[PDB]
């Protein structure tokens, strides 16, 4: 059926494997769902990932090759890419990312995200582990299990979304609505992590996460973020930290890169740059 050459981790649903198609010899990555163990049948995350990737096709988005239902297992067949950005940065070649590669990876990331948003899809789990790199320099968004096709206009969705370290402050403060802006926040965090080699905001809790952000960017006010005091999990009792200069955090980053990072990490989702606008930024100009 599929020659399961190797296992390569666990996932949102079931377990993940490298493999080969026998009638082609082509490499694929396999997500296995054990339908026997699923009281609710095909999990919502898998129905969402499959349906979204059936139509969301772009050079900077992972391809879903097939869906195979055999016995009481459902297999999602994705294109095989060599590794994710996290495994790359954790390995010797990748310990020190060249400035040109940080830029070409970020550009691609923004292209993929811009295509999602223009297609009314919000990823809601952008982090290095979910960005797959090939041997030629391409980077692609993966794991659309946490994504949602949004309405125009949208409504209230799952309250607690995005891996904690990549989670935008409008989510941490319990805003009723969040937008495509939550993806841009995650990209800001990923950009800083490529430059510094470590997570920008490695919180151990929602409040710790919120405090690490305020320490770096300063405590938001009605002046810098209108409506923030009205947000459900906002408290007057927050310390009033003051905005650190960004040159101190990412000194090896060129000034136009630091400008872009600062626009990506605007705490007011209303003022946060879009992926489309980020792609027009001078950082990317020749």
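Numbering follows the first chain given and starts at 1.
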### Query
If you average the Cα B factors in the entry, which is higher, 70 to 78 or 111 to 119?
70 to 78
### Task
Between 131 to 139 and 197 to 205, point out the one with the higher average CA B-factor as the PDB entry records it.
197 to 205
#### Entry: Selection by C-alpha B-factor (highest) of 60, 51, 224, 45
224
### Summary
When the entry's CA B-factors for 148, 103, 86, 215 are compared, the highest one belongs to 215
#### Entry: residue 155 - Cα temperature factor, lowest/middle/highest third of chain
middle
### Summary
Binned into thirds over the chain's modelled residues, the C-alpha B-factor of residue 180 lands in the lowest
### Message
What third of the chain does residue 64 rank in for C-alpha temperature factor, lowest, middle or highest?
### Response
lowest
#### Entry: Where the record places residue 273 (Cα B-factor, split into thirds across the chain)
lowest
### Query
Going by the entry, which third of its chain does the Cα temperature factor of residue 165 land in?
middle
